[PDB]
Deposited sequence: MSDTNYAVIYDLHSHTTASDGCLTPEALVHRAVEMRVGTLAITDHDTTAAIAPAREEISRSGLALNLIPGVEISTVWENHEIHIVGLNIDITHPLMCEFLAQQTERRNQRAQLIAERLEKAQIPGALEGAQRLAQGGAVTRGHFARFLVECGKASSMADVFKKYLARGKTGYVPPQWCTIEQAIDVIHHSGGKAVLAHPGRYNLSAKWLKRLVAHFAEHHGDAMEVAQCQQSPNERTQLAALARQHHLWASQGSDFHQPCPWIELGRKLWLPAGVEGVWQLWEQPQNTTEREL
């Protein structure tokens, strides 16, 4: 199971990086991305806990970047980024100082060696036509993937998003957006991709 969107006490999650990696293994998550808001501070302690505890969990370094597009707050997740790259650190420092554009987020992620993901597209409450414009804009500026699967989701939304991703030659991501234990969100829960779209992890696995 891949869960490529989660938070820790480094941003607005309630669990430490150490508690989260253990929760992921208990939930039978095989690959976990930590994607804290505008910080990578949880990655190094999470890796340390996986090693010290002998966990069989692949940690994907990630971040969730806050952007603005056409006056809408839009979140872009970077996956498999190099968290020590000076441009990434500078960019995140500018983010916590203050937003930036979608294209600017994508460029920093790519320069850091990662893949850019349009996060939770259904949450922006856009009409079908404006969601299409957002996705077309994201793809036009070299975005790589879009989150297709979430924990709380009608089957219709998931297949609509997968078709929208495929339409623009984007890969699909999946993530719980876990912040704290609660009824409606759990690490790995109900995350799978429908047929007709490939997972974003292909872009670094091969």
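**Student:** Pop the missing stretches of the deposited sequence into a list, counting residues from 1 and keeping sequence order.
**Tutor:** Several regions go unmodelled: 1 to 8, 107 to 176, 285 to 293.
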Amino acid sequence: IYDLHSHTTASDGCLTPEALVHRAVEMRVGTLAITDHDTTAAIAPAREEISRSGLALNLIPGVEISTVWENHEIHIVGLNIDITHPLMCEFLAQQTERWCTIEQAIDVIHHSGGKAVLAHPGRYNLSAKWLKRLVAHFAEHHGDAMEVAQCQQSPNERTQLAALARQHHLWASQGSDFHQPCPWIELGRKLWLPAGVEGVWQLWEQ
From here on, numbers count along this sequence of modelled residues.
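**Student:** On average, are the C-alpha B-factors higher in 149 to 157 or in 65 to 73?
**Tutor:** Mean CA B-factor is higher for 149 to 157.
**Student:** Taking the recorded C-alpha temperature factors, which stretch has the higher mean, 101 to 109 or 80 to 88?
**Tutor:** Here the higher of the two C-alpha B-factor means belongs to 80 to 88.
**Student:** From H37, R28, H141, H179, which pick has the Cα B-factor that tops the rest in the entry?
**Tutor:** The C-alpha B-factor peaks, among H37, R28, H141, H179, at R28.
**Student:** Looking at the temperature factor on the CA atom of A44, which third of the chain's modelled residues does it land in?
**Tutor:** Highest third, going by the recorded CA B-factors of the chain.
**Student:** Could you look up the Cα B-factor of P17 in the entry and say which third of the chain it sits in: lowest, middle or highest?
**Tutor:** For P17, the deposited C-alpha B-factor lands in the middle third.
**Student:** Would you please rank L4 by its C-alpha temperature factor against the other modelled residues of its chain and give the third it falls in: lowest, middle or highest?
**Tutor:** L4: CA B-factor falls in the lowest third of its chain.
**Student:** Would the CA B-factor of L187 place it in the lowest, middle or highest third of its chain?
**Tutor:** Ranked within chain, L187 CA B lands in the middle tercile.
**Student:** Lowest, middle or highest third: where is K132 by C-alpha B factor in its chain?
**Tutor:** As the PDB entry reports it, the C-alpha B-factor of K132 lands in the lowest third of its chain.
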